[PDB]
């Protein structure tokens, strides 16, 4: 399909970003869109081969883009504003029907010192649920993270599962009052009572967090909040 990099990016206001997109092979038309939470995709620039056909909606003196060779293309924001937080979509086409990449979620923040990795805990199924229902719901808690750029997944005996899971669609602000509030996220995995009571079954909740890189200056006393995985685990119990 259409490819985009990265999937998530945190930047400080005033800094610059780049977004890379690769159309389906041979697609002559390439589109960049901005989509802010609550609205549709809105066009920023169309290329037809390496020619810029319509950049009228390209904001001001902060957005540029290139498709220098008519294949892949790079969108840039420089310098960036908090109002730029949005998902940036790339789409390619031969005719009318457009095919989208997976998008780059952008969060622009006042100060990169606001960035924190999640902490992850797994809470074991209640004995009372087991006897009342013959089932076992494990719960995963990711707390303290910012920005809201995480992917939570459940792993049973080395293996990622989707049945019996649901993860909150939206995080909660740990201080709703504040604009830079850190976030919490819960997920549940439900299995049979027999499966939970087998002590060879292994359960792991994994949270992929998208953060800073080795190229970001950092001087807080805590360690740099780089992109990382934080997880917690449990074995079944008899």
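Residue numbers count along the first chain shown, from 1.
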{"property": "Mean C-alpha temperature factor, higher of 76-84 and 139-147", "result": "76-84"}
{"property": "Most elevated Cα B-factor in the entry, residues 34, 175, 187, 206", "result": "175"}
{"property": "Among 167, 95, 104, 92 - the residue whose C-alpha B-factor is largest in the record", "result": "95"}
{"property": "B-factor third for the C-alpha atom of residue 119 within its chain", "result": "lowest"}
{"property": "Residue 10, C-alpha B-factor rank within chain (lowest, middle or highest third)", "result": "middle"}
{"property": "Third of the chain, ranked by Cα B-factor, where residue 152 sits", "result": "lowest"}
{"property": "Residue 202 - Cα temperature factor, lowest/middle/highest third of chain", "result": "middle"}
{"property": "CA B-factor placement of residue 16, once the chain's modelled residues are sorted into thirds", "result": "highest"}
